Amino acid sequence: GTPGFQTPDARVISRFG
Amino acid sequence: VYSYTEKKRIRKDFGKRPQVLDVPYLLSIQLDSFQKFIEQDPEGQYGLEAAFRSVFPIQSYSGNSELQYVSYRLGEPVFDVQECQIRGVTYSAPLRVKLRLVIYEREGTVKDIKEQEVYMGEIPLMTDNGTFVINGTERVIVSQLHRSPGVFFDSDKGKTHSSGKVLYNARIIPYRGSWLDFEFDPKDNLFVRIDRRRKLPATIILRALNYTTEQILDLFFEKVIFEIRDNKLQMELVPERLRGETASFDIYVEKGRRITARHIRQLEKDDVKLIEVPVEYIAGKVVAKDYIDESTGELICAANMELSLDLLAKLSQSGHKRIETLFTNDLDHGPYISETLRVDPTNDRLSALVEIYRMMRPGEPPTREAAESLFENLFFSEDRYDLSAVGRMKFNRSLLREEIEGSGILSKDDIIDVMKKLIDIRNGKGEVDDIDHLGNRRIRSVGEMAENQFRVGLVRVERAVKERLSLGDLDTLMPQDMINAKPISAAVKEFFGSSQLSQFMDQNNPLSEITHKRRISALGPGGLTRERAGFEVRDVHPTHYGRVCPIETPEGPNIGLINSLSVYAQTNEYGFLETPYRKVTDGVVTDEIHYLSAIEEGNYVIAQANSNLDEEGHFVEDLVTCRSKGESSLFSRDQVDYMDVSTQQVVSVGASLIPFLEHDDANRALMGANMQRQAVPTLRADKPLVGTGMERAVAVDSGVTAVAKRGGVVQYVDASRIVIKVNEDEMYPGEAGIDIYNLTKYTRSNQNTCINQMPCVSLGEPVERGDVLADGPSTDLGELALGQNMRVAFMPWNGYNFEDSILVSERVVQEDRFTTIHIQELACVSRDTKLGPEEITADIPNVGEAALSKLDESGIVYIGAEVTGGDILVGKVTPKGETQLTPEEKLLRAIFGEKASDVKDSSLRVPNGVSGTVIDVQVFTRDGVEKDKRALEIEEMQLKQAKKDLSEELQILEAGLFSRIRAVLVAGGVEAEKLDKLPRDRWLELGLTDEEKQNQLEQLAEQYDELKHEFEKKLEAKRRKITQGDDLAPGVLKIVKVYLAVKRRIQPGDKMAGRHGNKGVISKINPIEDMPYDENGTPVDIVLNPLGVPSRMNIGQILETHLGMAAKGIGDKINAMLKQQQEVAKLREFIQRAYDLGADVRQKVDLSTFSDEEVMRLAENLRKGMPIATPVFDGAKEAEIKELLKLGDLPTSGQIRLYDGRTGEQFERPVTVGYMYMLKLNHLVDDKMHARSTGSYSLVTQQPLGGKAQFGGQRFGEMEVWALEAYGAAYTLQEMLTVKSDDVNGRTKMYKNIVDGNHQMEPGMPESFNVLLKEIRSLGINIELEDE
Amino acid sequence: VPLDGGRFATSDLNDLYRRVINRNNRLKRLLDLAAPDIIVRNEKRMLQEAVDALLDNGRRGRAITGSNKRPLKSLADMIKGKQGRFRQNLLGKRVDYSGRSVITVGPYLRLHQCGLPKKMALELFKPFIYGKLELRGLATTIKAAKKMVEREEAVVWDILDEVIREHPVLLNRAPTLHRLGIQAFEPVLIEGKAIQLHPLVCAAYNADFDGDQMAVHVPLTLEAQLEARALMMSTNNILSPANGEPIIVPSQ
Amino acid sequence: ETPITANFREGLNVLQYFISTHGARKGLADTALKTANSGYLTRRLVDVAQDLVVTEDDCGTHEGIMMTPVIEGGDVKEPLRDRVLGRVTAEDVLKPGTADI
Amino acid sequence: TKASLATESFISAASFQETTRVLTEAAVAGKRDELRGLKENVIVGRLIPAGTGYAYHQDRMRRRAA
Amino acid sequence: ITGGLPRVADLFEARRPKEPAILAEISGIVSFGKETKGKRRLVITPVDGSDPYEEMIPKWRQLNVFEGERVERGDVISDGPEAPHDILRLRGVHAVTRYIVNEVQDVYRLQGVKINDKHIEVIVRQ
Amino acid sequence: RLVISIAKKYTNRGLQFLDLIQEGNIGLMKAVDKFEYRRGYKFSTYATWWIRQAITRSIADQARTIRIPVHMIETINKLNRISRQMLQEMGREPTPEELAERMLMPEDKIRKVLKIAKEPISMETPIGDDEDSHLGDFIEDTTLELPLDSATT
Ligand SMILES: [Mg+2]
């Protein structure tokens, strides 16, 4: 949900999936 | 069984996988590199021999007088390590080289030769621990990871015009010399770039290699034979050519039906070697060779020229039939070279060389000589170009050659093959290399870089020798006059003394010492800058597996450019990193070890470290996860080729010390990997309650400990030295005797911490080889101990652990278990000034008697007297003159008769804020300066102590050797009683009847007198080094160094951290009464914060706690049975049960050793708790922890109830408690707090200094000015940048007002602004100010 | 100026000026000496080169200082850049009456106060302490008060309490992203060398107690003491200016 | 394609941990080098803005800008109250029934 | 950055970027700077024209040039 | 774009996008040009009075605008990312000051950042 | 061309290259004006002597920021030459009292000649940690009197 970027959530990769 | 150190205290190991390969010597990299650098190699291979054979011989300009190199030698160091530290000089070795000078007189062929060995510079020597001493500090030369030489094919895709078209380029990167680029063009043309300079179409170089247009076309495109024989032009046919292209007319195949895979095979049966085609198609083809008419001699068609019907008729009417054409395929074999030949102006060799020359040196008209010489130097001279072993190997391997060892210079075949490879990549068959592939990154360690620097120093003097060998004379001179040690040693001196990769060895931690020498930096010379490297090169590459730790690295701007070396990683023969693996032969995992490099591992398929390898050496699962192409996936149990050696082969030595590393996040794992090496040794050393087993592999491999050379029995134990009586089977035949070890006691380290060695064995104890005799800093019986065991409980406490703050009990600070002993070196320097030489006299003006009470007659602080900040350690007075007094002060001079002094005050006073105790005072007196009282006292003390230690060592060896003498003198011949009657010197005179024992007696007497002579010479040398006048800087009289020992406790503000990346600062030491306790009444040591666990992943700190509790509970048991003093039976049985916990663990403990005594001692050292070894990725699981908690009469959930000490009512919701390993980092608050009201100021610009260093004024940057501007705070900002920093008048005005109770500022002009006005006016610029 | 010990320390400007003077003098000498053109033209170009390197070095050839591959810094380089004069000196300076230390929690504080170590308070407020000690007859002259505060006499501690009372101090976090990076608090004398910070303000500073360090500044003028109470006070700034939401909120 | 079957409590095996470090690095590295560029951005911002100060009580213009809720797609990203609160109306808002105040 | 490149005060512009070019151009122009602003005021160490500085500058400037 | 922080830097710098969209200059049915010479030709056709305006476009760029349809000023004949200069010139000051804020607020909305449009508006004004 | 042929030998003595070639051209002119073509010798030798002198003495004059008497540079060069030659003799380096023996000068002056040779260090010299801080920063101003003393005054 928020560019992390380690894993994706919905639209982008994220810090926490 | 177990080695002695283990039987002293056994660490219970968890983990099923048995370790096959033993932990390698962690310092093998540096030591092996330097051993390579100094060892004499009789070939051009690595070493000083290579550096000499490179530049030598040095032959004059056509004079035929070459200065040959014979060999080199390395003499003994002028000073040892200890004296090089005390004196501050580099620890190096004199380098003697044997040179030859030959002259060939034209009565011909007479050959004159002269030979002598001349000294050319000194090379520093590496210590036994892999460090150097450049200027009295142990330093480290970090290994460098740079771009390997050879050919590299880069895509440069994308950004090239946004057209979508992807160009290609090849880059030949030598080890020493210019680079060679072969790039493409958006129009499908080929261009060649000698250095990053101009483009220069490719063919230009082929013509410089003497290749005509005909040959150039013949070397790339396939000849196609087209002739008009008998009519209706035929085509000599390979049926495969037609395969790719579209059809044009009727053969088989009619017009318009493009050739298909059907007709290709249809052409084979009938064996069609001939087909005729219409005339128009040929018009779209090129001609390979020149064709001239045979009678007129004029040329019909040149090379690389198009073909038309009219030109075809020209050549047909001339009688020409054979026509060579180029096999140009738009799809597979492009016209690349031909399309380039049209952009090439030079059609010959000399013109191409001229073009290259003018591209290199423009504005200088070229000639044959200059151009030829420049080209041959560019790429074909051993002196200017080398493509050394690594470069040549990777060059031939990338080009798919066979011989991996060729010449160091490029050849025509090399260039042509590289161009063919680039064109093939352009054709679709090929691969572009990865710049970040670990197969393309080499490692240059200390030895190789030192070799390169010494070679640089050797080349800079080559011009001088060439000069003196051409303009020089005959035998009048020898091979010494043209040599100079300064230029040779300049490069080496600069490299070792001040280099990006030369940095002070990281002390204050043995783990830090071991992890610093295993560093691999991408920065420095030959590397890239932090601002020069992109984001991609810093990421973790799939080839980092088993070579570099993906975790261990700094989290600052150097991310990815510093990473550490894995546990089992190694350097292969050339330059690369290889990791160990085990071969899988039939269905079994062998114990063979294959060291595979990156590219090597690329082809095979290796199994996974964590898998069902056990047992009986047969893969269990039908599908096992593996990696073959750098990709991870389930592969067949049948296809396994290799397997990992251990589960910890992917991490570094620092990351392997992290228990439960599998339960921690990578980010926090890196944080912990660094903070763990940031830990300073505590006062008492304390073994980790929960370890990984690697502690022994670090505390031993690091030189901080003391390990026995030869086994035997301890003869003498002392806090200073240890004398070991070696065994009869481990001793040498000729000499003594015993092994003597001199421990280091309270010596200052690099980080001002304290390093000390404490004996861990008592009198008359058996000791094998490899057993630790004395523990160093942060070591417990051979196990690395970076911190302390603390009883931790996870619960908030009145916000005293709000963010990350740490609530510590008052007992912890009571017991001094986190206290740290630091040592500071501060020196007073008396040097000559204009007003005259300074003085160290104790007579100081403007001082009281209470201050000078602590100084000797010479004015130096007494040894052992403890002092605090402000106290004078070394009284000194610098001569100052022309004192002038305000008449108000002359009035005082007249009234009280207190006359002024003609000397100022510079004194070695204790730094403000620290209070220690003087443990050492050294005095260096220049030559010619008369020795004062304190100097002579210390000199006599040094002499006496030196002779004392020397004679004591001599007597130890003497007694051992005389016992040997008795040994051989009482056998064969018997003397017992009488033998101990006469003195022992008579033993030496006696002789025996039977030889082979008289020979032993001769050996012993020879070695005895030899040791006597050695002792005498060493004592004389030490006396000379003492009495001899010290060598000091140019203009300094004396230098008095004072060493203070400061015992620093733990107070609020000091940083604390664990091994899992958890950090914090102590809020306050809470009294024991207010500390929460359990039902048994035992308080808690530290109160962490639970909220820190869920935000980070960092789960290890939980498990390490739980298991810790278990590992502690056992101790209680073993204490109880020892406090209840039952017997060895209960101890033995219970400890067996403890050592036999879990399922499928490899432990060998049966209490057979010394049944009643060894078990008693084992339990005596286990009352504090049983240490537990937890492998990196094989650590104990939850169930085993639950079992160990059950045995310890402790809850399964690992949670108990706690009572607040202030109220007494229990806390609801049981609180997790246990034992965690806590590290005290070097970020103490005593070294951080500082304040300043009014200090000194900078000279050019009046602003408070940033030093030195606590009294520097805080920095108020533009961001703080913006913060002051956001609020409307005009007076604050103005006084910030006017009264407090600049405004030389405003400072004094404001200070006087403040002292008068008036708080008002008279702001003036900032001095920096007037300086700016002066600087601007220093140009043709005129900047002024207007009215007022 | 002499750099002690021993060796002298000069400015590259001096080397550039030396070159310019040498070349102008050689040109004069040759003029009087009546030399041919080529020589004097080479000398004119050398003089132009020296002048241009003295004004703005690097645009042409980057003359170098002796004994180094480092170029000598010219005049123009002493003005432009983040380093140099404008950014590094005029817009920002090191400042007196300031300190630095590690921050830690004391929750017992009110939102308007923070715990300040006594050791730092003594040094920072030194002039105030001197003046106050001399005012109450406790010290004959200023030197006597200096020696008293140097001796750590008990009587001075009370005096400290008198001078710190109701005297705001500016606390600053190393990185200053927005104005809330600097806020004023009411000093609360504490032992030890650690600075006590209020938890509610940690969100504004973006500061954790993982080892972060903060600096302190003592306002001198009465106007600054008022600006640290009506404008930059911790309690006068609660909700952020970027958005109405309060930046002072319970955290964990 | 090969996800992390394990949860932090069970413990990771070497392969999955190595896979995780890939995403871990870009995260750590992105913060460090961004620190340098964010400073440049905010510095340019302060440079383009400094001298602008509130100098007058009122300008006397009805121009303003039309504030409408950011209704993107199906629902609203930010209501109108939040984009209007704290500011001043350019002209008299009438009740939905036209001509009122 | 481009809008910041253009400013009445040449001192303010020469502080932020391109000191050489800004100063040369302002030199040939014979331009003049009354500082009328924040950065140039902190450069010479004066009350910035804002907040308290605004209250002081208002009274001081009211009596000036009039 | 990247986007993120570099995107914010791009928006405040008014940097021309890679493949810009072009905008109609005045109302009226659009008109085509001579032929593909280099790129193409496009003839503006104002309806009533002054109708000499013109421009040239590449035929490689696809078209979206209708042929015989009326198209007002500031319309997308070609899909693509818009530039601040074009919006300002063909729509007005308020349109561009709204575009800047609405676009630079998306990157801050993605991340949990909330800032009132007022500061972005003052920057746009400057 | 002979002037450059001579000047290229001396290049690195804290003096730029064109300075050397010009100071050599001066001696070349002085040689031209004082040459008898009748002596039969080749002009190369005389021009060489004059240019060599005009370059070496010019170095002595204009190299060091602190100018040193011309004969003192000669003395320094002689001392350095002797200490260079004695390297392979003493093994590492010569005892200081020996140079007073090998040299004509008594010993007490040798230490002064070595204490004099110290050259200035650029204030722009980078400092520890290879950071932006330079030697021109750590220099305080000691002429100033601290305000703590002016208040007492
Ligand atoms: Mg932090």
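- Structure determination for this PDB entry was carried out by X-ray crystallography, with a resolution of 3.253 Å recorded in the header.

Things to note about the interface of chain E and chain B
Phase 1 of the analysis: In this assembly, 15 residues from chain E lie in contact with 16 residues from chain B.
Phase 2 of the analysis: Approximately 1,300 Å² of surface area, both sides summed, lies buried where chain E meets chain B, with 71% of it carried by carbon and sulfur atoms.
Phase 3 of the analysis: Taken together, the links from chain E to chain B amount to 1 salt bridge.
Phase 4 of the analysis: Two residues, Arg32 of chain E and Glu1330 of chain B, come together in a salt bridge whose shortest N-O distance is 2.4 Å.
Phase 5 of the analysis: Across the contact surface, chain E and chain B share 2 residue pairs in polar contact.

Observations regarding the coordination of the magnesium ion
Residue and element names in this part refer to chain C.
Phase 1 of the analysis: Distances from the magnesium ion to its protein donors, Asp208 (OD), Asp210 (OD) and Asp212 (OD), fall within 2.0 to 2.8 Å.
Phase 2 of the analysis: Counting residues between consecutive donors of the magnesium ion along the chain gives the motif D-x1-D-x1-D. Of the two residues examined, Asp210 and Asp212, each falls in the buried class.

Focus on the interface of chain C and chain B
Phase 1 of the analysis: Across the contact, 77 residues belong to chain C and 76 residues belong to chain B.
Phase 2 of the analysis: Each partner contributes to the roughly 7,000 Å² buried at the junction of chain C and chain B, and carbon and sulfur atoms together form 60% of this total.
Phase 3 of the analysis: Here chain C is connected to chain B by 4 salt bridges.
Phase 4 of the analysis: Counting across the interface, chain C meets chain B through 36 residue pairs in polar contact.
Phase 5 of the analysis: Looking at the side of chain C that touches chain B element by element, the count peaks at 8 residues for strand β3 (residues 98-105) of chain C.

As for the packing of aromatic side chains
All names here are of chain B.
Phase 1 of the analysis: Across all of its chains, the model carries 25 aromatic pairs over all chains by this definition.
Phase 2 of the analysis: Each ring, one from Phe52 and one from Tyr72, has its centre 6.1 Å from the other, and the planes form 25 degrees; the classification is stacked. Of this pair, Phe52 sits in helix α3 (residues 48-55) while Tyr72 sits in strand β3 (residues 66-74), and the two are 20 residues apart along the sequence. Each member of the pair, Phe52 as well as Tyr72, carries the same accessibility label: buried.
Phase 3 of the analysis: With centroids separated by 5.2 Å and ring planes inclined at 45 degrees, the aromatic side chains of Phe375 and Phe380 adopt a geometry described as tilted. Like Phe380, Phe375 is buried.
Phase 4 of the analysis: Through a chain of ring-to-ring contacts, three or more aromatic side chains come together here, namely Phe34, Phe37, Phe132, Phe495 and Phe496.
Phase 5 of the analysis: Taking the ring centre of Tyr545 as reference, the NZ or CZ of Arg627 above it sits at 3.6 Å.

Structural notes on the nonpolar core
Phase 1 of the analysis: Membership of the largest hydrophobic core comes to 96 residues, with the highest contact counts inside it found for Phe125, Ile129, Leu171 and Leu197 of chain C.
Phase 2 of the analysis: For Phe125 of chain C, the contacting residues outside a window of four places in its chain are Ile164, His167, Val169 and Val218 of chain C.
Phase 3 of the analysis: Listed in part, the 53 residues of the second largest apolar core include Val151, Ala371, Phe380 and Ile415 of chain B.

Observations concerning a positive patch on the surface
Phase 1 of the analysis: Taken together, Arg460 and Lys486 of chain B together with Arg13, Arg81 and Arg84 of chain G make up a surface patch of like positive charges.
Phase 2 of the analysis: Residue position: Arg84 of chain G is located in helix α4 (residues 70-85).
Phase 3 of the analysis: Under the relative-accessibility criterion, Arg84 of chain G is labelled partly exposed at 36%.

Re the side chain of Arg791 of chain B
Residue and element names in this part refer to chain B.
Phase 1 of the analysis: Inspection of the secondary structure puts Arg791 in strand β42 (residues 788-794).
Phase 2 of the analysis: For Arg791, a relative accessible area of 14% puts it in the buried group.
Phase 3 of the analysis: With near-sequence residues (within four places) excluded, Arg791 lies in contact with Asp1078, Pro1083, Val1084, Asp1085, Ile1086, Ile1200, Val1217, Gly1218 and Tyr1219.

Focus: the arrangement of the chains
Phase 1 of the analysis: Among the 15 pairs of chains in contact, the pair with the most contacts is chains B and C.
Phase 2 of the analysis: Contact between chain A and chain C is absent, and the minimum C-alpha spacing across the pair is 19 Å.
Phase 3 of the analysis: No interface is formed between chain F and chain G, the nearest pair of C-alpha atoms being 28 Å apart.

Basis of the calculations
- Residues numbered from 1 in each chain as written, not as in the entry; some residues may be left out.
- Chains lettered and ligands numbered in written order.
- Part of a larger assembly, values for the part shown.
- Heavy atoms only, no water.
- Residues with missing side-chain atoms left out of burial classes, pairs and counts.
- Contact = heavy atoms within 4.5 Å.
- Buried area = accessible area lost by both parts, 1.4 Å probe.
- Salt bridge = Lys/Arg side-chain N within 4 Å of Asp/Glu carboxyl O.
- Polar contact = N/O pair within 3.5 Å; in protein donor to acceptor, adjacent residues only side chain to side chain.
- Donors = N, O, S within 2.8 Å, 3.2 Å for Na, K, Ca; no water.
- Buried < 20%, exposed > 50% of the residue type's maximum accessible area, 1.4 Å probe, protein only.
- Helix = DSSP H or I, 4+ residues; strand = E, 2+ residues; numbered from the N terminus.
- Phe/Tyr/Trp six-rings, centres within 6.5 Å; stacked < 30°, edge-to-face > 60°.
- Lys NZ or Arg CZ within 6 Å of the ring centre and 35° of its normal.
- Core = buried A, V, L, I, M, F, W, Y, C linked by side-chain atoms within 4.5 Å.
- Patch = residues over 30% accessible without salt bridge, like charges linked within 9 Å, V, L, I, M, F, W, Y side chains within 5 Å.
- Areas by Shrake-Rupley, 256 points an atom, 1.4 Å probe, with all protein chains shown as cover.
- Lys, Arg positive; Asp, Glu negative; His and termini not counted.
- Charge placed at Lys NZ, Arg CZ, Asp CG, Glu CD.

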